[PDB]
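Readers should treat all values here as calculations from the given coordinates under stated rules, not as data from a laboratory. Don't worry about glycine lacking a Cβ; one is built from the backbone with ideal geometry, like all the others, and counts go over all protein chains shown.
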Amino acid sequence: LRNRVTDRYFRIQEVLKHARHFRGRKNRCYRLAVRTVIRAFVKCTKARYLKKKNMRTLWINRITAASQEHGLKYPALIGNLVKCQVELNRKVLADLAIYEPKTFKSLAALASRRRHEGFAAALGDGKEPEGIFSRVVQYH
Amino acid sequence: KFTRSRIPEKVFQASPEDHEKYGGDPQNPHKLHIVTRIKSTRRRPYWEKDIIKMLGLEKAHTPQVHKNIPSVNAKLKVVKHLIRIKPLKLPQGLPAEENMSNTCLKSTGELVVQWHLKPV
Amino acid sequence: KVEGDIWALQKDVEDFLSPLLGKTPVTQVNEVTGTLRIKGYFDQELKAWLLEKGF
Amino acid sequence: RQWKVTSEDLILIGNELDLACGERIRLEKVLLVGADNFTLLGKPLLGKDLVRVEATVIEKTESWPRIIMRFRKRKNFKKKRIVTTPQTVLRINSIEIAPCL
Amino acid sequence: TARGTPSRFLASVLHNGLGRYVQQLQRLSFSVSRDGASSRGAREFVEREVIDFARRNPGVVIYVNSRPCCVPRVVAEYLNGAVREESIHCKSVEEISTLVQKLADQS
Amino acid sequence: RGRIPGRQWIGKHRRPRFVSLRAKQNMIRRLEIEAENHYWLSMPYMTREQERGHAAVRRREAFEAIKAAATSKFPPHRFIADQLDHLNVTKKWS
Amino acid sequence: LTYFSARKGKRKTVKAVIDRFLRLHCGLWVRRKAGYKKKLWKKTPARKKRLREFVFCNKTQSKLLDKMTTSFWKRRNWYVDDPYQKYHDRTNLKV
Amino acid sequence: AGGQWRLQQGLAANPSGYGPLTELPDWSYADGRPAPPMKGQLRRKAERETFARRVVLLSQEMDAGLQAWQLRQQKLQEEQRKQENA
Amino acid sequence: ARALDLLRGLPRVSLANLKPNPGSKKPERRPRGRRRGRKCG
RNA sequence: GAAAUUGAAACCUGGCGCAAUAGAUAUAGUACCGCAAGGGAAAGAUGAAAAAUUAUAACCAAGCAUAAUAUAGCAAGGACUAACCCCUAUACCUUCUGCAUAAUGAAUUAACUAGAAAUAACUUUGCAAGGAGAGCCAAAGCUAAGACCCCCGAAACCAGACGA
RNA sequence: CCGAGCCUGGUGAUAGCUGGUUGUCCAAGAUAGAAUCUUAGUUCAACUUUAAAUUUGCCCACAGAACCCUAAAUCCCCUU
RNA sequence: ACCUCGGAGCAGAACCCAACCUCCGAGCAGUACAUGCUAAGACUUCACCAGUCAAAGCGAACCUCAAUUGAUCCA
Ligand SMILES: [Mg+2]
Ligand SMILES: [Mg+2]
Ligand SMILES: [Mg+2]
Ligand SMILES: [Mg+2]
Ligand SMILES: [Mg+2]
Ligand SMILES: [Mg+2]
Ligand SMILES: [Mg+2]
Ligand SMILES: [Mg+2]
Ligand SMILES: [Mg+2]
Ligand SMILES: [Mg+2]
Ligand SMILES: [Mg+2]
Ligand SMILES: [Mg+2]
Ligand SMILES: [Mg+2]
Ligand SMILES: [Mg+2]
Ligand SMILES: [Mg+2]
Ligand SMILES: [Mg+2]
Ligand SMILES: [Mg+2]
Ligand SMILES: [Mg+2]
Ligand SMILES: [Mg+2]
């Protein structure tokens, strides 16, 4: 022997340092951790898109819930919001229902009024005075 | 077997019914086609994917301009089923040199020369 | 073996060989070794150019 | 991205703004502001003269080391990378509204 | 990893936002050497920018050991006493300036 | 009960997939805008022999720029500055 | 092909290609077309003259035997009464 | 949601594309000074600028091609008069 | 010359200040790791 | 696979050789195995003083105790106030058209274990119709350097010994 | 443990066949076929890669490409 | 049973295209003896080996068929 790695002790310890919380013989031995440490790291990467999808769909359940408490459903709700030009994402729309249901009631009342305005427009498209809240702002 | 499909030119002859629908007057025809991709490049022949790359529409939801002339028409005709086409029309004349930066596109194919960014 | 300011020499040959090719040369220089590297054989032209200048 | 915020509250952003620590800034965009008994919603946002949302920058970190591993099975495809994205901590010092309406 | 690493709720040191802002970096302790080729970045950084760094931040206090060291170090402790050491071994002056700047920025 | 022979998507017998109004509504939208396309790329602006030689100048000068870019290929320039800055690693105080 | 010998540890050229081919210093190799000495009675005149004429070699098979040969066979040789003197050099070759 | 409605009025299907939701400055100094432009806003303006310079190049070339034909036709009608005059 | 007046101000040359022309001695590439190690080409 | 021919310059006491799975097989051809030819090992470590067993040297592999178990599932990830409880997730390598595959190998830990090189090119120097410290190459080439080419495994064949 | 013993030596026998081949990071990249005591392989072709010289490459517009015995297309092709 | 070569369909329309897919054939024959020598330019049985066409000039007169066959060393 002329050339031998002396710091083999450390380059494996950093691997096991991240894998201390593993159960069984994985945290103790090396090769058991090598199979699981990269797999645990791989699951960490693509779990972000799961964190996005899970938390996104969770906000849908929350806003769908507060709407049903006030007598509406989520698909009709956001349709009236974007029709009435309010760009509030599902985070604040959900979080608003948590702390000020009085405000979310106004959002629901604002949304329900746009539905009746839209149905009035369904009866007569034009040839009538447009809805007061259905009126839009023109940017240029 | 599957090969390049030649299209009859008679199909691309607008009738008076089509004229009243899309509002495109035949006289005074527009000059430029706003092009945008929706369908994926994958699962298409080699000639369909390189043409749209030769047109420069590898990116989706990216408006890109082409000419309204019979030569380029043959290109996006064979790959017409990969893209959207919309004509170019503007009220405010061509973009002047002073208003090169403050331009802005619209969903209706408009290209406003001036953009001061606040409502009436 | 360019000695001194190579940038003055490479600029001279660039202006000298420009009209022959119709484009400015894009040659390479190495002031450490004091060398030049010019595309295309122009030795007979560079020889007469260096002689009439007196190098 | 949106945030629900008030006064005397912290907030983080996943990038650098090129602001020195301790400087104040006036935020332009607000979708709505609301008090105990009313709310001021925009179309989409509120006017400039209506509100004045001031916030101070206090602190800037490099993000904690986020590790990523791209792996494929039985083909010897694996790789590592560690990122430390820049982060900045703001705080909304105070919010006020104008009588103009 | 999130589960292997500890976590916390976001919070500032004694609410530095409302009142007068205070640079929450207390002290910097540079460990350079009169020799060692790796210390060229730290020494040239001591020549040019550490002077201006002190003029820019009168609040922060700086110390320089200038003792024999195979590897230069820079130690930084804050008001809370949280010590954080980073290695400036074989680093350019531009990187060290940005490094000391963000250390001054963070809490 | 309810198995199928072999693979679910090939062969003499596979799982018979059926259509939903969602997919129907999706595809009619794609070909009806293609009918809007079919109207627009008709009625051309110029004729074949009109647009013959109008852009040959740009395509020529553009290709000549690619030629100049291709010929412009050499190693980078070397300097005494960047060579002797390596000597400064042993810069040390008096 | 016999990269290192045993008595001196050098490449060894086989005398096969020596008898079959000939080198010009530019890197070219020629050869006599095969089948030029067999069954000439049945061949048309256009065929036998095509066989009598020399032929060059592709770059690959030329490169192949070039790997085989040694530097001694690649040197410049100034023979007398040699018609290949006009062809050892190359003239008017661009790219 | 609402993408079909937004393009009905002419707005972006995604509000992040264009409009006041993104194009305005997202922060300014407390003293009322204007903040520098954002990197997203700069590349968008450069994209629209090259887009505008491109469209002007595309239009003028077609106009040059149209008139260049009619100038050739006027030359064509000219030399036909020359034929009968000879 | 412009070459020598730099060296008088620049530090003294030694083994530590020594380096070859970049591009001459390219680094050796051994088959150890993920890239080459699997089959070594 | 040549030869004719040509013709070299030293004192030996040194190592960019190894440090107990290395280096001779070796503490020794010793133990042990085989009637025989022959095959063939393993190991030790205090301190100046052991006519000082003084004396935290204490902390480190696997393996265990100190300290068993808690509905449910590649042993984890996102996380969460909270370990679990929720959503997500078909081990590693080889092989193959294609594998969680119920195809191969792997109990685990420590140590050892597997890409050596020539013309011909290319990069960097040097000099230049010359180059190279005889010899060799040459219609800008020549000289020098650089990087480029793995291990384990059979039934067998032959010669000479040793055995009824 | 005799379809011909066992030991050493030639011997690191050879094996187109299996087994396995060690640090990090990035780019490009599966591609017609011919011959072979040849189909478990190899040489060439083609494809792919590196560093370069030069200029056309690709899509393609009218025209053009068989009698014999009524197809989707294909080849070439200035423009764009 | 087949192993090489040529023609037709599969392969309808530039080229190519396999199956122990469907058919018909070849391993010659006949007439001259310039069936002599050289030479531009090109194709090529998907590489190579091979196989092909040939202006013009010297020198002369005034080839058909489709496969119709075989490298190197050696003699
Ligand atoms: Mg989503
Ligand atoms: Mg099945
Ligand atoms: Mg030993
Ligand atoms: Mg232990
Ligand atoms: Mg579960
Ligand atoms: Mg599977
Ligand atoms: Mg491996
Ligand atoms: Mg299989
Ligand atoms: Mg298994
Ligand atoms: Mg097997
Ligand atoms: Mg045997
Ligand atoms: Mg034998
Ligand atoms: Mg007896
Ligand atoms: Mg026996
Ligand atoms: Mg072997
Ligand atoms: Mg890639
Ligand atoms: Mg062309
Ligand atoms: Mg061919
Ligand atoms: Mg003739």
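For the stretch B:62-70, does any single residue satisfy the condition of being more than 15 Å from the chain's Cα centre (by Cα), assigned to a loop (DSSP other than H, G, I, E, B), more than 16 Å from ligand 2 (Cβ to nearest atom) and within 12 Å of chain H (Cβ to nearest Cβ)?
No, the conditions are met nowhere in the stretch B:62-70.
Just to be sure before I move on: is G:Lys43 of a type in the set (D, E, K, R), out of contact with any strand residue (DSSP E or B) (no Cβ under 7 Å at 6 or more places or on another chain) and surrounded by fewer than 11 Cβ atoms within 10 Å (Cβ to Cβ) in the structure I sent?
Here the answer is no, as G:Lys43 does not meet what is asked.
Counting only residues that are under 17 Å from B:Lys106 (Cβ atoms) and either part of a helix (DSSP H, G or I) or of a type in the set (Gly, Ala, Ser) (or both), how many does the stretch H:7-48 have?
Number of matching residues: 17.
Regarding G:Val95, is this residue within 16 Å of RNA strand K (Cβ to nearest atom) and touching a residue at least 40 places away in the same chain (Cβ under 8 Å)?
So G:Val95 fails the test.
Restricting to the stretch D:67-93, count the residues that are in contact with a helix residue (DSSP H, G or I) (Cβ under 9 Å, 6 or more places away or on another chain), over 28 Å from D:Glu23 (Cβ atoms) and within 14 Å of chain E (Cβ to nearest Cβ).
Count: 4.
Considering only the stretch A:60-80, state which residues are out of contact with any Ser or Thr (no Cβ under 8 Å at 6 or more places or on another chain), under 21 Å from H:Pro15 (Cα atoms) and crowded, with 19+ Cβ neighbours inside 10 Å.
A:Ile63, A:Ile78
Conditions (1) farther than 28 Å from F:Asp82 by Cβ; (2) touching a helix residue (DSSP H, G or I) at 6+ places or on another chain (Cβ under 7 Å), marked per residue:
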position	(1), (2)
C:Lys1	no, no
C:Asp5	no, no
C:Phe16	yes, yes
C:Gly22	yes, no
C:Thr27	no, yes
C:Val32	no, yes
C:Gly40	yes, no
C:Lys53	yes, no
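Which residues, taken from the stretch B:76-119, are facing another protein chain (nearest Cβ under 7 Å), under 25 Å from H:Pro25 (Cα atoms) and β-branched (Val, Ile, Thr)?
Residues satisfying the conditions are B:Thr103, B:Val112.
How many of the residues in the stretch E:61-88 are over 14 Å from the mean Cα position of the chain (by Cα) and surrounded by 13 or more Cβ atoms within 10 Å (Cβ to Cβ)?
So the answer is 4.
Scan the stretch D:19-44 residue by residue and report those that are more than 7 Å from every other protein chain (Cβ to nearest Cβ) and of a type in the set (A, V, I, L, M).
Correct list: D:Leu19, D:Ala20, D:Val30, D:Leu32, D:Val33, D:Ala35, D:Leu40.
Conditions tested, residue by residue: (1) within 6 Å of RNA strand J (Cβ to nearest atom); (2) hydroxyl-bearing (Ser, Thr, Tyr).
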| position | (1), (2) |
| --- | --- |
| A:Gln13 | no, no |
| A:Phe22 | yes, no |
| A:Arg25 | yes, no |
| A:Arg31 | yes, no |
| A:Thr36 | yes, yes |
| A:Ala40 | yes, no |
| A:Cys44 | yes, no |
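Picking from D:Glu96, D:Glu8, D:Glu16, D:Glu59, which residue would you name as being part of a strand (DSSP E or B), within 14 Å of chain E (Cβ to nearest Cβ) and more than 23 Å from A:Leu110 (Cβ to Cβ)?
None of the others qualify; the one that does is D:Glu59.
Here is a check on your reading of the model: is F:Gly6 surrounded by 10 or more Cβ atoms within 10 Å (Cβ to Cβ), farther than 30 Å from I:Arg12 by Cβ and under 31 Å from the mean Cα position of the chain (by Cα)?
When the stated conditions are applied, F:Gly6 does not pass them.
For the stretch A:70-92, which positions are in contact (Cβ under 8 Å) with a residue 12 or more places away in the chain, more than 11 Å from chain H (Cβ to nearest Cβ) and closer than 22 Å to A:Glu117 by Cα?
Matches in the stretch A:70-92: A:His70, A:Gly71, A:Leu72.
Against the conditions (1) part of a helix (DSSP H, G or I); (2) within 12 Å of chain F (Cβ to nearest Cβ); (3) surrounded by fewer than 16 Cβ atoms within 10 Å (Cβ to Cβ), where does B:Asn73 fall short? Just the number, please.
(3)
Report the residue count in the stretch D:3-28 for those that are charged (D, E, K, R), more than 18 Å from D:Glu96 (Cβ to Cβ) and touching a strand residue (DSSP E or B) at 6+ places or on another chain (Cβ under 7 Å).
Here the count works out to 2.
Report yes if some residue within the stretch B:92-104 is part of a loop (DSSP other than H, G, I, E, B) and under 28 Å from B:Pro8 (Cβ atoms); otherwise report no.
No: the stretch B:92-104 contains no residue that is part of a loop (DSSP other than H, G, I, E, B) and under 28 Å from B:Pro8 (Cβ atoms).
Among the candidates C:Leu36, C:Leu17, C:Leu46, which residue alone is surrounded by 15 or more Cβ atoms within 10 Å (Cβ to Cβ), within 14 Å of chain F (Cβ to nearest Cβ) and part of a helix (DSSP H, G or I)?
Residue meeting the stated conditions: C:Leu17.
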